[PDB]
Structures are given as C-alpha cells and as structure tokens.
Amino acid sequence: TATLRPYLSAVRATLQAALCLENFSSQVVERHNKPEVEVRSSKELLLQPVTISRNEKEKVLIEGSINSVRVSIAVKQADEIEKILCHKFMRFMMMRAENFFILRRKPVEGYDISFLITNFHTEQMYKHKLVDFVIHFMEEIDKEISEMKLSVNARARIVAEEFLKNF
Amino acid sequence: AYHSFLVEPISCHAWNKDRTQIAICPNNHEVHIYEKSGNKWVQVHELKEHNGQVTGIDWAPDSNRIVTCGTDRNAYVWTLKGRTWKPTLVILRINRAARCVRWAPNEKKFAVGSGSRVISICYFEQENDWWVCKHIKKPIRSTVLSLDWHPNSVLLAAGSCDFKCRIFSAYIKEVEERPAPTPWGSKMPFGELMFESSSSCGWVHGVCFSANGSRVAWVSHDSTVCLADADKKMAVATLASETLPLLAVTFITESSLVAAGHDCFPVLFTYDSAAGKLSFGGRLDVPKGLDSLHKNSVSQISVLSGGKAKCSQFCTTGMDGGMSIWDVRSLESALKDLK
Amino acid sequence: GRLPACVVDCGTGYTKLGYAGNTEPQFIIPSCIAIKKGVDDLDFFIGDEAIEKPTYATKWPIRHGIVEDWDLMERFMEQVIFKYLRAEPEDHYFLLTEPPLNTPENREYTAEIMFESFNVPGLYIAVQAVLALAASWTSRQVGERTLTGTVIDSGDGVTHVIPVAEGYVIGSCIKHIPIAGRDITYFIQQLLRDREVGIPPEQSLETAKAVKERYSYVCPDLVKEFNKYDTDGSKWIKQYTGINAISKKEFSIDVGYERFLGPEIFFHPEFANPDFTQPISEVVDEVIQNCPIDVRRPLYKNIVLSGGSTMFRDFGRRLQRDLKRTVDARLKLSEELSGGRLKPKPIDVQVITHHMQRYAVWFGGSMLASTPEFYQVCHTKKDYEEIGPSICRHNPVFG
Amino acid sequence: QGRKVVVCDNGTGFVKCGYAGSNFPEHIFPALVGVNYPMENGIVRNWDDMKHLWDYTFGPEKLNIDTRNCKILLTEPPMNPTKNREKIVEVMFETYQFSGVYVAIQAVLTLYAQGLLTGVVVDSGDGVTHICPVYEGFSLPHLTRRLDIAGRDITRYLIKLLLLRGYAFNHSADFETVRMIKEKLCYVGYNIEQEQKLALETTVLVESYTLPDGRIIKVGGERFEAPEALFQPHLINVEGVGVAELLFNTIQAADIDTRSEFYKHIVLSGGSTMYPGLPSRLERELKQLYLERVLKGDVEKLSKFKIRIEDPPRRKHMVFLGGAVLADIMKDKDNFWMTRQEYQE
Amino acid sequence: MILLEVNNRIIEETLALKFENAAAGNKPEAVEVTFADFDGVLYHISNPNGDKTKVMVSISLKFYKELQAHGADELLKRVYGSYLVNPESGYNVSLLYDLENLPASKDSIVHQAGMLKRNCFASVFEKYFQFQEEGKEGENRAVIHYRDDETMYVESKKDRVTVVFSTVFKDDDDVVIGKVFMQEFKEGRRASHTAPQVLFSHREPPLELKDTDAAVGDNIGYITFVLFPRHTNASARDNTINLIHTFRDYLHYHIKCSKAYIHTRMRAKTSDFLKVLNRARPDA
Amino acid sequence: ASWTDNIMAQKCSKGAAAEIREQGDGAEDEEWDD
Amino acid sequence: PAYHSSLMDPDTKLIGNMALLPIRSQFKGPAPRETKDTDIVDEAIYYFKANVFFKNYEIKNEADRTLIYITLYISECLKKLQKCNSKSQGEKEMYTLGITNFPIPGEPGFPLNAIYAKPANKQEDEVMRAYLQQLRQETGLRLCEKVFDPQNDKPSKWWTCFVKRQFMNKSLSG
Amino acid sequence: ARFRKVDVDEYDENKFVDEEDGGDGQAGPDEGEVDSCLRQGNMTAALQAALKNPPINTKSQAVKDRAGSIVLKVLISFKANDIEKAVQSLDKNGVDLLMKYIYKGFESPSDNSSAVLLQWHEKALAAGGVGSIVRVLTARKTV
Ligand SMILES: Nc1ncnc2c1ncn2[C@@H]1O[C@H](COP(=O)(O)OP(=O)(O)OP(=O)(O)O)[C@@H](O)[C@H]1O
Ligand SMILES: Nc1ncnc2c1ncn2[C@@H]1O[C@H](COP(=O)(O)OP(=O)(O)OP(=O)(O)O)[C@@H](O)[C@H]1O
Ligand SMILES: [Mg+2]
Ligand SMILES: [Mg+2]
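Protein chains in written order, with full-length UniProt numbering: chain L, 2 to 168; chain R, 2 to 289, 320 to 370; chain C, 3 to 38, 53 to 415; chain Z, 4 to 37, 70 to 380; chain V, 1 to 284; chain F, 193 to 226; chain E, 2 to 175; chain W, 9 to 48, 52 to 154.
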C-alpha cells in the first residue's frame, strides 16, 4: 500500500480521540438524553469537527460531542458502476439501521455513510472494538464494491457468451 | 485486584467506613450494595426508588448515610433502619438532571452538581425534618460534572462543562460554624466564587482537593491535568498529557495524584512543590484488545484504605463493570521508582 | 393500467402464482428451490422441477410462513416472474401475500426485493386472512359481506386461527395449531406402513399424500366409522393404484382407516402431536373469547376456512358441530352457575365453506387486484423512491 | 381537641384514605366495586357503587372510624358540575353525618401540597386536561379551561401510528399494551422539527418493547408524535388550540397584576404530565407565544419573562399531601368547616 | 435459467391438461384464463359461446398492425393451419381447438400454441430474411413499437440484416448495468467468430436511424444486431428469430439477475458486519 | 367496492347444483346430527 | 374426547377403585353372569380401535379403569397375535397369555399405578387377581372369535395395524 | 401557528458565551521570515518559524486561512525522511499546534498534500500522543 494504511491509522487515532463519550442528560430539555452532536443545542458540548482525507474524494468527517460522535465516510468511487454499487450498498445497509445500532438512516450532505456512536453504544460495546469495526468497515466496503464490480463484469461476460453461442 | 461485578457499566460506586460494603449503580435506576462474605462479593441490598438512571452515589461513613442522585431530578438519603435501607427525599429545586453528589467531610451537608448550571448544597433542618437545598448558580454557565469538598466542610471544588474549574464557599450558617481563614481566601459567604481557573478549552471531568485542602487538582477533557496552589500566590500548573482524557482524579498524598479515564488505566502524577510543577510519574497498570485490567473507560477513582492523608490502596470503578483495588505499596516495588 | 396484476402467494408448502382477474391460479408449484461465482446463482430450479433432481440440493425457503433465506426467496420469485408468470416486472403490479404475524422488517425486505431488483411499478403485501374473507364472499349470497371473521388458514405449516375485526387482523389473538397438511401426511404415512406392504420407501410420502388428496374425510364419530368399515367393508375401503419409479409396475393398496384418520388429528391433535393436545374447535373458541366482547359474536357468524387442509369433506360442518357444542355447553354452564336469569341470546356459529376454499387467499388477491381501487392503494415505485421502504410497512385494507 | 381528621382522595385510578399530616397515605386501593368502573373522567355515574365504596373506606377493613365523630376532606375535580358537588355534600351530611365536611378543587390542594398560594395547575389525566388558575388559595372558576385531550386520546393516536408502522394492533383489545408502551417510551418533544429530523435520520429513538405474546416491536419516532397531540390537537382530529396556547390564553384572560405571579408558579399534575420534556416544551411554547402576541416580535424584553414550570417529583400522592396539609395546619378553625348544623339550617 | 424460453407456459400446461382430459374421455372443464407475457401482450384462453368442447386461445398485441403490414396473417395461416379462426373482439389472433377432433400427436399443436407470440413476431423476420436472400435491396425498414417507449427497426441489406432494439432503462442503475452488459456483448465475438455482431449506442441513435424519429435520451440505448446469411438462412432461421425476439427481455432479465446477486452479496456482507458488531459486546 | 362486486361475479357458477355429482360411495353420509 | 364406558350402575360391585362389571363368560370367575348382551369386555373390544390413539384419558368413572385395563390387554393380545396361522393356534396363544401373571395394580411395572388403587386386603387382592385373569381370558376369546376373517386363514390386518400403537403410551410389559 | 418558527433558545441569557477577548493578533505568522528560511534551505527553521504566533485569538477568518496556507506550504515543502526529526524539535505545545494545522490542512486536499499530511500526522501522533488529537478536537479557538 501507499496511502491506505497511513490513512486508516490516522482515522483510527482520531476515532480513539473522539470515542470518549459519557452519559449526558440534556441541559436544555428536562429528563432527556439526546445525542448532542445531532441536536446541537449547546455549543460548549460540541467538539471541533475534524476531517481526515486520503485524497480529494475519500474523506472521513469525525464530529464529536460529550455523549455522541458522528463519523461520516466518503467511499471511493472510481467510475459510474462503482458509484451506483456504492450508493446501492449504502442504501441497503442504511435501510436496516435498526440492526446496525451505530448507523444513521440518512447521511450528512456530501458523504456516503454516517455512523452515530452514542455513549450508550460505548457502554454496551468496547470502544476499541468499535474503532476496529469502523476501520474494518472502511476496508470491507471498498473490498466488497470491487468484488461486486468484478462479479458483474464476469456475469455480463457469461450472459453474452451464452446468448451468442446459440446462433 | 480486578473483580467483574456485572457485564453492564457501573455508573458510580461508594464504599463504607469499614470498606466492607460497596454501593454501585449498574447503569440502572437501582443501587446495589455488595458485601464480602468470606472471599466473594454477595449482592445483599437493593435500593429501588429512583425513576431514572442514577448518576451519583456517596456514602457518608460516620452517619452511614447513602446519598443517591439521578437523572430523575431527585436526591435520596438512604439510612439503614432495622435491616433495610429506607430513603428520605431531598428537594433539589432543579429543573434539570443531577450529575454528581458528594458528602461533606463532617457529613453535615452534601453537594449535588446538576445540569441546571447549579450546585445544590443540601442540609438537614431539624425544625421541619426535611432536607433543604441552597443553590450555587453564579457564575456557573454549563453543567457541573464533578465536585469535591475542602477538608473543612466549607469550600467546594466544582468542575463544569464551561471549561472552568471553580472553588466556591458552601458555608451554610444553619448547619456550620465560622470557617477559619484559608489560603484560598478570607471572605467566605455562601455562593462566593472563591477561585477560578481554566485552560484554552476542555470540560472538567474531575476535581479533588489535597489532604490539607490548600491544593486542588482537576483533569480536563483536553488530556490535561491541572493543579492549583492556594499558598503559592494562587498559581496553576498545567500538564498536557499524551494519553486519552482523564475522567476522575484523586489526591493520594500532598504531592501525588492518581487520575483515571478513557485510557483504561490509572496514571500517577507528581507535583514538585519547590518548582510548583506537575510531572508524569508513571502508569499504574503496566502489563506483565486491551492489555490493561480494565477493558473500558475507568469512570471513578476513590481512596480505599487510609484516607487522603495515608492512602495506600485506592479503587477504580469502570464502564466495563469492573472494580480494581490497586495497592500502591506493591506498585512501589513493581515499577522502578513508583513512589 | 391495462395489463393485469401478478398475484403470488408464497406459502410454506405450495406457492400459488398467477394473474389478477382469474378465478383459479395458473400455477400451483411447490415452494421449493433446487440449487447446486460466475452465473452459478441462475443454475437453479423451482416448483415441480425441484422436488427430486440428481445433482441438485432442494431447499424450502419458507418455514412456517416466515421467509428464512431471503436470497433463495429472491431467486424463487425471480423464476416465478420470468419463467412461470412470464411477466415483465416493470409493467405489472404485484399483490404479494404475507404470513400472519409478519414483521414489518420482513415487509421491508420483500419491498426491497420487489423494487430494487425487479423495478415493479407497484406492490401490495396483503394479509392472507382478509383475502380469505374476500374469497368467502362467493358463498354468502346476502348483504352480510363484512371483513369481520375468524379465518382458519390451514396449509402445510401451522394452522392459524386469525380473528379479523373491521378488516384489521387482531394479532394479539392469533393462535397456531401445529397440525397442517404435512402432519396429516406423516400420520397417514405411518398408518400405511403399519398396515400395508408394497409401498416403496421413497414413494411413501407421495402415495400417502395422494390418498389424503382423494379418499379422506372427517368423521362424525370415530367408533361408528370403525364399525362401518368393519361391517360394511365394501363401500368404504378403496383401492389405490400407483406406479413405482424404479422397476415400473402397478401396485394396489387398500386405503382404509386413514381416510377418516387423516383430518381427525385436526380435531384430536394428541393422535399425532404429543406436545399439543387441544382440538381446533377449542382453539377457535379460545381465540374468539380473547377478542373484545363487542366483536365476539360477529367472529362466530363468519368463520372462513382457507387453505388445502380445510378442503376435506365435512371439515367445516364438523367444525361447526364441535364449536356449537362447546359454545352451548359454556353458555349452559354459565347460566346454571350464575342463576340470575340472564338468558343470553343463543349463539349462531356459521363456518363458511365455499367452492374457492383451496386457493382462497389467491382468489381474494385476484379479485382485489382486478379493481380500480388497487392501483390507488398500491405503493408506487415513485413513492418508494421519495419516502422509502417504510411505505410498505402498512398496506391499507379495502371495503 | 377535635382531631379525628381523615382525608380521602377519590381519584379515578385509586382511592387513598389517611389522616391529616401524614407524609404518605395510610391506605390506598383501586376504586373497584363488584366488576364496574363508574369513575369516568372524574364524574360519578353510578352513585350506589360510590356509596358502597365509601362504606368500604369507613368500614373496619380500611379505616374503622366513626363517621359522626370524624372530620372528612374530599377532593373535587375541576369543572365539577354543581349538581355532583351538592349531591356529594348531601351524601356526607345525611348518609354519613360527618362532623367536619369540606371539599375543594384539586388545584388548590396541589398548590398547598407544593407550598404555594397562587399559580396555575395543569392537571392532565386519562379523560380530559384541565388548566386551573388559583389566586390567594381560592380557585377561580372563570379562568379555568378544559382541553379534551388526555392519556386516552394519546393512546389512541399511538395505536394509529403503530398501525402505520405495520403492527397489528386493535383499539379495544391492545389498549393496555399500548398504554404501557406510552408510559415506558413516549416523551414530549422539544423541537418537533429537530425531533423529526432525529427520527428520520437516526436510530437513537428506536426502543424495543416485548408484547405479552412475545413479539418484539421497535417503537421509534412515534415516541414523540403521540404526546404531541397535546400541543397540536389537529393530529387527532380535535378542534382546539393546544395545551400551551390554551394555558397562555387563560393566563392572559386574567388580571394584569397576577399575570407575573401565575407565570412563575405554573405547576403540573396528573399522570398524563409525566412525559419527559413536558415542562421544557410548555416553557418554550409559552415563551414563543409571549414573543409573538405580547412582545410582537422584539426580543429585548423576553429575558424579563420569568416562567418557572416545575413538575414536582412527588407527583404520585400530590392530592393526598395537599389534603393532609390543609386538614392539619388549620384544622382547629371553626368557620372553615361546613358542619351538619349548618346543613340543617 | 439463462435463456428465456420462447414458449408461453400457461398456454402449454392449460392446453396439455385439456388435451389429456379429452384423450382420456373425461368431460372437459370450462377454462377462462386471461394472462399476459412479455412485450405487453395479452392472452385469453376461453371457450367460444360457452361450448366446452372448443377452446380458443386469443393473443392481443398493441402493435399487430405493424406486423400485419409485413405478412403476419400469411405466416400464421401456414404455421397454425385451420386452427386459425376469426379473432375475438378485443384480440388480434385467435386459435380454435376442437376437443373432439384432436390429431394423433398433441405435442406439436401444444408447442405451436406456445409459440403464438413467436409466430406473431416472425412474419417481419421471414420477410426481411427472404429480402436478404433474394437480394431485394433498398426496401423500406420495418418499425415495430412492441412497447410504448421501446421501438424496433428491421432493415435488409446486401450481405446483412440489421435489427435495432430501442430500449428504455427505467433507473440509472439499469442504465449502467446495461452499459456493462452491452460492452460485454460488443466484444463477444472473440469467443465466437460465427456469432451475430452486436453494436451498442447509448443516448445517441446510429447514423442509419438518424434520418428517422428515433428517440434521444439518457435512459435510452440502441442495440444493433448484424445477422449474416449464416444466421438468416432457412436452417438457422427459427433459432435466430427465437433468440432475437426475446433478446430485450433477456437483457432486462439478466440486469435484474445481476441486481439480485448484488443483493445477495450485500446481505452476506451485512451479516458479517452484524456478527462483528455483536462480537464487540462484553457478553456474546 | 369493486372488490365486493368482482368476488360475487362467480356466484352464477357457485350458485348452482351440488358440487358432488352424486356423492359416489366414499364420503361420510349426511343425516348426521351436525 | 376419548370414548368412555357406559355400563356402570350404582349397584355394580367395586373392588377398590376397580369395577367388577358382569360378563357373559363361558369360563368361571368372580364376575357374575350378565343377562344383557353387552359387557365391559365387548364395549372395550368395540371402542379400542378409536381409544388406542388417545394419549390422554380422563378417568370419569370406575368402570373406566376396567376399560383401560381391557384395552391394554387388547394391545398386548394383538402384539402376540401378529405371529399366528390359525384360529386354534391364536386361541392357544390367548390361553397361554391368560394363564401368565401380568403385574396387578400396585405392583411395580403396572401402568398407571398412580391412577389405580392398591388392593386393601389379601381377600380383595385375590378377588382382583381372579377378576383380572377372567377378564383377560374373555378378552382373548372374544378377540379371536372376530379378528380372524369369516373365511379361514386370515388374521386380518385391520386389527394387525394397531400392533405398535400403545394406549396412553403405556404397555403391560413395562 | 407560525409561532413555532422562532428559536427562543438563541435569545436566552444562559448559553455558553465564549470569551473571544484575546485581541492582539500581530499579523500571525511572519511570511517574510518563513520565505527566507525556505529559500535558504533551513527546512527545520522554516517549520519552527511557521509554528510561531498562531492566530488563536483572531476573529477574522482571512488571517487564519493565510496562516494555514503558509503552514501547509511549509509542510508539503518538507521531505518525508526528514519529517520525523522536525517533529522531535517541537515541545508539547508545538506538536499540538502542528496537529491542529495538519487537521486544518486535511480539509483542503490538493494533489499529494494529503499523502504527506498523513505522514506528518503519523509522526506527530508518535511524538505527541493521542492527547494532541484530543486537544485538536476540543480547542474552541482553533486554527
Ligand atoms: N382435498 C384437498 N384439497 C386441497 N389440498 C389438499 C387436500 N387434501 C390434502 N391437501 C393438501 O393440503 C396442502 C395445502 O397446501 P396449501 O397450498 O394450502 O398451503 P400453503 O401454501 O401453506 O397455504 P397458504 O397460502 O394459506 O399460506 C397441500 O399439501 C395439499 O396437497
Ligand atoms: N409515567 C407516565 N408517563 C406517561 N403517561 C403516564 C404515566 N403514568 C401514567 N400515565 C397516563 O396518565 C393517565 C393516568 O391519569 P391519572 O392517574 O391522573 O387519573 P385521573 O386523573 O384520576 O383520571 P380521570 O380523568 O379518569 O378522572 C393514563 O392515561 C396513563 O396512561
Ligand atoms: Mg402456509
Ligand atoms: Mg388528575
């Protein structure tokens, strides 16, 4: 590799620096425990949003709060087929965001996927395991997009050969 | 000495005078009191009166009184009568959720730092036989996360989300006596801002006073530990740590600090008085996922044996449901110069 | 539009696929998929071409109604659309059926399979009980045509008792009896093995099933039927002829007792299933009693049988007998115990049997998708694109 | 002295009888007569059942007290028609001949329990929401308002929204399950735009509930649209203005001097006001109304608008504690009690 | 399956069951079955005037005039014989089978009845293949609007026959997957030198149809089959027609197959991610 | 609506003589109390 | 529900909870001669083909216990009748089974020991033993007189099909 | 309605109001000194001069953008093999400021700017812990 491992290391370090969340009852709303990065009702509880960019197209925006961190990833999209495969995969996963407990239903503007890790998730899951899951996610999305592209190309080749062989 | 009480996180823990019973909040609206029956911990008491998550537990030893505050905007003073713990309600008059609660050294009052940018100093009024709260409001602008009383039952350290570490005066005339002059200041009315300090940024997760109280120390979310001397012209010394943010800090001696947090192991700091400077002394969980004993963030640290004047064993309670009893005596010979 | 909609009822045993506007489904295929990189996922078969093939492994995607393996479900519906129905999915609306107590997440997966893979212009995931009630309208020739009933949907999985009130299924009172077509087939197979020889071991599941297809009937009284078979043993014992797959020859077996012992386990589950022992009449009574009091009586007056396992002769009539007996006994016991001269109105239980009893759900779906309203109650692909899969969580009912 | 003071709250959920000055009720039991529930919206419909109920209360099994030699305090719902009040008074004086008889609206009892004389009580229960201003400890019937939205209507709306999610529920069979869902998960949103954004873009509001039949249902956004019917009646097809707008209007219809005092002591009561975030939402909406139709756009004087809407933690027994305070701190008076001699005048 | 069969199943099973019952001597059962096939074609298997002994299979095409202009009736009479009957109202071509007058072999009649749409389409193909064989160059191209938004152009030249499908992809994903499939089609002559030459033009009509009213759009692609005398000859005419008249549905079917496989891969990856995430819990 | 009417269309065939041509020898006889 | 006995009378003798119904026995035993043509053994032999499938029987009477005992012996009798060639051989097998001693109620190994009651005394024990043996002999005889088809050489399968079916999942062999 | 479109929370006298009273701001980092250092080949001196006087108190975004651009030009001007030594020439405050500038420069990728910024970030992390990244996240007055 040339710029994948350093990028993943930087993202992992920033996630460790950001996935330090504690339970925080709402200051503005009585008896509510809302993710502060979403409501943004108190500016003191919102951390500075940081960006780690592998190039001008692949980037992770990590914006943290006292009780929540939002991690948005822009997946690599070389060509149109990769673009549609990435978008279709992301909608596939985000439709079942109730199972991906740390996943958003809709991305932030300009980004492909968005994870929302609340203090509750770090309570019920190991934080370093969550960081490892996010990095593993970034790697496997690219791997599976490439696999889908290759599978579609091979499938189209076989379909064309099978149709044309019967003439 | 690691013991895994239960899988879900422990919000907060409090020991008793004999260090034989531990009251913990298992990320729930209940307080579980465990006691040592031989060599194993047996859950022997269950306290169920909070309508929401319990955020702070303290145990006054001499009165054996357990004060519990939670997100339900309530404080309860549990007293052991007969064989059961029964609660007395404490009106806090706070519209937001309470976060931290700490008893006074003389057990006459307790402080509840809450999310309404207030600290409720609550004391018993024998005339009407219900607890009464007085609010410290100015200049607290954000939520108070941590508290720690001065060893004179008057002053009060308060860490707040507004990046400011404060020392106020909680001199309630109806329950206290005249406070002696302290290097923090001489004029001590209730709610008086005795001292402030800060940094460029960072929420204050934990504050703790020294044995004599002339020294305060607070750990901020910006991976910094700060110590303020009242004697040395009210001066603050900042150490920007290279580790993850520290959540709970306690003095163990006059010149030593133990701070634990999201780095999942306690760390030791030394305050050189002559130079008035903090230095990293050495992590207390050097190994023989995470190699440290605590698999998740350590949320609370508290002196177990000897008190703040003769601390030889302390206790770290984490978000992994673990309680670790660290003996600094053994760690003295374990590492090179872990003094 | 102009092209008729596609109605596919994907049951656990038999998938019933066809086009709207038709009385009976054009295909009743087994709900089985035979499967072995590249295009190998298209090298599979469904229906009768998948029961037994040399080099293929057969798998049943649907177990107890709930779809287990969704990939196999997608491939199955793929050849349903393109090999059997021969429909362009972009021009035909689809009326899919859902099992009782189906999770909205499963509705979302079905909608995603239909839309993001086949690009259908519309989809309507209909509850099976309401379709059965719709099919029941062909036998009730009065103005008592309401969607309030107690559907006894019995197939090859579990026999569901489903109370529908005002068109909406009361999901808190649905009760499943683990006796269905497969249990009856197993019982008849065991009876045949213990009585007659000459049954090939590899055909015993089929030669029994055909028996259960053609010679079975519920019995008014077990000992009376046994005495009839013993004494008048010429008009009751039938002869079944079959052809052995290996060494093709004709074999004749005496179809006797199992004729009335096939569906009897609907009425005495302790005969075959040891864990479950209460008759279907008691289950229906308990289901309806669990329902609100204001709707209890309508659920008696409209008990609709759907599925092949309910197509046994006199099954509905005997069910009416048993349910009326238990209801009248309960009423008499209550009157005797209370002694307050309440005198409740006598309860009339009416099990609606109809000529479309077998494919009741598909018939209801066809007559539902043959209407102008279906187009204005479907979920258009445009709605899928704007709102999302959530639109397919609720499919509105009709009058 | 006199003593022998008994206070008996007659709430629809439970009847609670005890003695004056008690921090907690001595006896609590559901208002069950057998199985009938004549208590609908706090107005009696079957008086014989209530006669049996009071006989049970004063019977040896519950209190074992002499009615002719005891002082009784009863709780009256707001907007109680005068016929019911008079008939209850006649029942106390004739069928029980109590020496000390007094009845008052639940609003003043609430304020006495919390320790206030002036303020507005928002008592929302299962039948109807009542907004009752009280000045100098005397309820003001003129300014009291009723909003026909309560726990039952919110439960029905939640059932409708759960059907919209594809959950086979019924309005007559699964009422109690949805009621428990509303108690355990529903809350009042603060900014409905922001809450809707959080529901439609994030899965943090999704919570799993185990129905009695074992099926797990994931209740997400509907946690906050169900109570929103209190603020937006049109969501349940009810003509109105909403609880916050109604409260602001009923305060603004009062004397100019008392408006500031009413603002600072608006107290919530009843089960339907236990929703998280309800006081914050009421404060925000009242501030918005003050900005719109009192300040008329400017924000300079909004900071002077002091509003303190506190839901008391001891909500469960507010009426009983108010009765105990009223019948303990001032029981020894003479002109206060309505006695049988005055009845027989 | 890969190749889309050219036989309508519903007709095949219905007529096979009816003929088996008639041969067995059983009383025929009334049939009233309306259904549809690809290209928006409507079938109706019924009984004329209620007589059970006669079974009528009617086919309705929204474009039967454009085929009738190229000898549709002549082909249908030659292939179906006396079974051709005056069409039912609302339908274009009707076949009548008398259940009392079946021939000895029912397989041929059932299979021909299955090929009803194929023989409706094959008239223009027969005409233009004969045009190529006879050397009648310059004859006007045949335009067939087999669906509302998709079109077809058949042209005969000196040494080749051009068959252009004007297809419309509903979604952008359809468009890109079709681009991939057609790119594989274009270079498919490497593995088979005797195959027809497939050309693809996305968003732009070829120069041949530029003078015509061929639609232009981002979702519209044109697929040109160049068929040589080795494919337009009598021996291979049937197979060539069978494949060419279903190529469009074949391509769309395989696009949807690719989407289904892509969903399978996403489901596998989602399951792997969910297992990884549930392993992160302290208790698993 | 149209659903009720289209379902009823079958009533001419459904509203006819008995399904069984004669119940030929193999079904439980009627005349049971049922 | 499972079919029930119908020949119970208030004057019918009771040995424990066991019921001493009369039979038409040609043999000699404690059971008295019955004028009626219907007996508990015959009623069992009739109802058995439908009772054997029932794995849950409610003992609503005391003649019911007689019914279950005769049904279990019928099950054992068909188990031992599968390997036979003639009516005479079958009857000899029935006599051999009857002359043996299956467990009496109370003794270990007897099915439904929690439903039946132990004999009170030695005289009652002997009466119960003789009654059970007589019922066994009559059951075997009336079984063989009808199991074999009216034409010779046919132990008809219509009763052989029940060989492996145990009433209430219990058998007299264990 | 129409009264729900007003955000009362903004007009409340309880929000955390940052002081923002640093003032000063003497043109931030010096352009001439760093230009002279870069031209003379004193790359380490160029980095040291670039990290002096951060615009931690300047409210205007133009000076912050100028300082970020200067620091970015210095950072890409470096060679990879010589980066590590440079990182070791800064104290805790210097490394924290360098990581703030690195995280600022990631937001504007150009050619191989991100490729060398990732090496800079790795070395800065190695020499200054994860607490430096934490301070980058937490600093309200950040470059
Ligand atoms: N007389 C009969 N009529 C119809 N089916 C019968 C009959 N006797 C036995 N069966 C069998 O009963 C079963 C009924 O299967 P059915 O298609 O109704 O199930 P399903 O697909 O699970 O149904 P559903 O669509 O209601 O969920 C088949 O196995 C069929 O062979
Ligand atoms: N914690 C809670 N959160 C939300 N709603 C609750 C809660 N507890 C109770 N409720 C609801 O509040 C209502 C109970 O009303 P309450 O107990 O005050 O009765 P009430 O005022 O005596 O009634 P009524 O109007 O019939 O006289 C119910 O609708 C119940 O679902
Ligand atoms: Mg089924
Ligand atoms: Mg109330």
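Every residue gets a Cβ at the ideal spot worked out from N, C-alpha and C, and that includes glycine.
Residues near residue i by beta carbon distance below 7 angstroms, same chain, minus five either side
{"i": "Z:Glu320", "result": "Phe266 and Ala279"}
{"i": "V:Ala284", "result": "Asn278"}
Residue i in three-state terms, based on DSSP
{"i": "Z:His177", "result": "coil"}
{"i": "C:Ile319", "result": "strand"}
{"i": "R:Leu321", "result": "coil"}
Contact set for residue i: own chain, Cβ-Cβ below 6 angstroms, skip 5 residues either direction
{"i": "Z:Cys221", "result": "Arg258, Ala261 and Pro262"}
{"i": "R:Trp219", "result": "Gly160, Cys166, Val205, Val208 and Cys227"}
{"i": "V:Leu116", "result": "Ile59"}
{"i": "Z:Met127", "result": "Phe133 and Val136"}
{"i": "W:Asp107", "result": "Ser143 and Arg146"}
According to DSSP, residues forming a beta bridge with residue i
{"i": "R:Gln331", "result": "R:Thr348"}
{"i": "R:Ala99", "result": "R:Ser115"}
Closer than 6 angstroms: residue i CB and nearest ligand 3 heavy atom
{"i": "C:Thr14", "result": "yes"}
{"i": "C:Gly54", "result": "no"}
Cβ shell of residue i (< 8 angstroms), same chain only, five flanking positions each side left out
{"i": "R:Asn28", "result": "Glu9, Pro10, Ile11, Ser12 and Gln54"}
{"i": "W:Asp32", "result": "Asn68"}
{"i": "C:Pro279", "result": "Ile200, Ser232, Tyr233, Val234, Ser325, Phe328 and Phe331"}
Cβ-heavy atom distance, residue i to ligand 2, below 6 angstroms
{"i": "Z:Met309", "result": "yes"}
Near ligand 4: residue i beta-carbon under 6 angstroms from a heavy atom
{"i": "Z:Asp158", "result": "yes"}
{"i": "Z:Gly135", "result": "no"}
{"i": "Z:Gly305", "result": "yes"}
Near ligand 1: residue i beta-carbon under 6 angstroms from a heavy atom
{"i": "C:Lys191", "result": "no"}
May I ask you to verify whether the segment 161 to 179 of chain C touches the segment 253 to 273 of chain C, counting CB pairs closer than 8 angstroms and requiring at least 3? no
Taking contact to mean at least 3 C-beta pairs separated by less than 8 angstroms, is the segment 352 to 359 of chain R in contact with the segment 61 to 80 of chain C? no
Okay, do the segment 163 to 175 of chain Z and the segment 237 to 247 of chain Z touch, 3+ Cβ pairs below 8 angstroms being the bar? no
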